[PDB]
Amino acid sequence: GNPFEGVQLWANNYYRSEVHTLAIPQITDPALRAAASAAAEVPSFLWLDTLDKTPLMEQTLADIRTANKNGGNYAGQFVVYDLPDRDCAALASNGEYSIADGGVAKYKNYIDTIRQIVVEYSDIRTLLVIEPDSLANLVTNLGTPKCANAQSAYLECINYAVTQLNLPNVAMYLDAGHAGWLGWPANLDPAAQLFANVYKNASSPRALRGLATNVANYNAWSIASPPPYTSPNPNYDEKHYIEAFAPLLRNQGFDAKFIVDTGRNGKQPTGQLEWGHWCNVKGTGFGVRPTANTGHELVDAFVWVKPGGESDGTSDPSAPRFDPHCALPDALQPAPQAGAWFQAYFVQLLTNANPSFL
């Protein structure tokens, strides 16, 4: 049943080209250059954060089809991340579509385009994270006007995604935030009802395998001592969050299994001053390498979802779409625009990696 079992994970050429064309020519030390080349071979998700990235999904699946007709057993890894009024509680968003300006119809076309590409590659197992930073806002952030207004659109758009991508070669994991968002005990029951109702309102799609946690975040999977910025949450790591949340979803008829983003959680505690500081956090490392061998039946895989070295946001307050979280003193600076290559952050992650690359 675990879609990560029986397959390898494809390491995509987009990330490899950032490492090889942008990063390695800036590194003089031979050991760090070799470490960088190895990091580019660790398979991370490719983000489809605009419609103009959908050709990248098709090219990636064409590369996988060639590899698999030549003996590979690779699965593709993609993030679906283009809701209208995206990131409704954030101080800045890069989403291209607006609910008030045709955004729901534009989302429909974006999902329609992805469905035809996944059908075009119905021979290729396709592992999707659906919409980071979306439904979790409807549990805690309804007091933010943009999120109160976006409820209907987010729920209809997510229903369209999980129904239209319900294909025999797909496994989807809905983003469900992280322990410091939905793992607080007061958020668990409302979160479980919301996410189980999404599953049931979509007619319990076979491809909707479960939920993704820690995406673009830094929490430990398991740590013996709670980091101080987690107090007083008893669910201070992803393992305790998932162990508390999974049986509540199952109680409501969604027997969800999980994947956990371990791409930036290898150094613990992090440099965070507060748990809600998410941008370009200092003091982090690459974490556990992608695997289906998690030791935990709730957890299908540890994965690298956010790609290390791609910025979370610009720190220039005069730049477009500046988010003040990216200028906090626990955010590494200067940082380029979201998604752009951030060399000093890539070096940070490589040097602090656990397991090590050096």
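In case it trips you up, residue 1 is the first one in the sequence shown, and so on.
query: Would 69-77 or 129-137 have the larger average of its C-alpha temperature factors, as given in the entry?
result: Mean B over CA atoms: larger for 69-77.
message: Mean CA temperature factor from the deposited coordinates, higher in 279-287 or in 91-99?
response: Mean B over CA atoms: larger for 91-99.
- prompt: Reading the B-factor column of the entry, which of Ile223, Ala244, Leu182, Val162 has the highest value at its C-alpha atom?
  reply: Spelled out: the listed residue with the top C-alpha B-factor is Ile223.
message: I'd like to know which of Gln116, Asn197, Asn166, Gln268 has the highest C-alpha temperature factor in the PDB entry.
response: Among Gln116, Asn197, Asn166, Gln268, the highest C-alpha B-factor in the entry belongs to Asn197.
query: Is the Cα B-factor recorded for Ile111 in the lowest, middle or highest third of its chain?
result: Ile111: CA B-factor falls in the lowest third of its chain.
- request: Name the third of the chain's ranked CA B-factors that contains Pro234, choosing lowest, middle or highest.
  value: Middle third of the chain for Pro234's C-alpha B-factor.
query: Is the Cα B-factor recorded for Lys306 in the lowest, middle or highest third of its chain?
result: Bottom third by C-alpha B-factor.
message: What third of the chain does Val170 rank in for C-alpha temperature factor, lowest, middle or highest?
response: Answer is lowest: the recorded C-alpha B-factor places it there.
query: Mind checking which third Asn352 falls in for C-alpha B-factor across the chain?
result: Middle third, going by the recorded CA B-factors of the chain.
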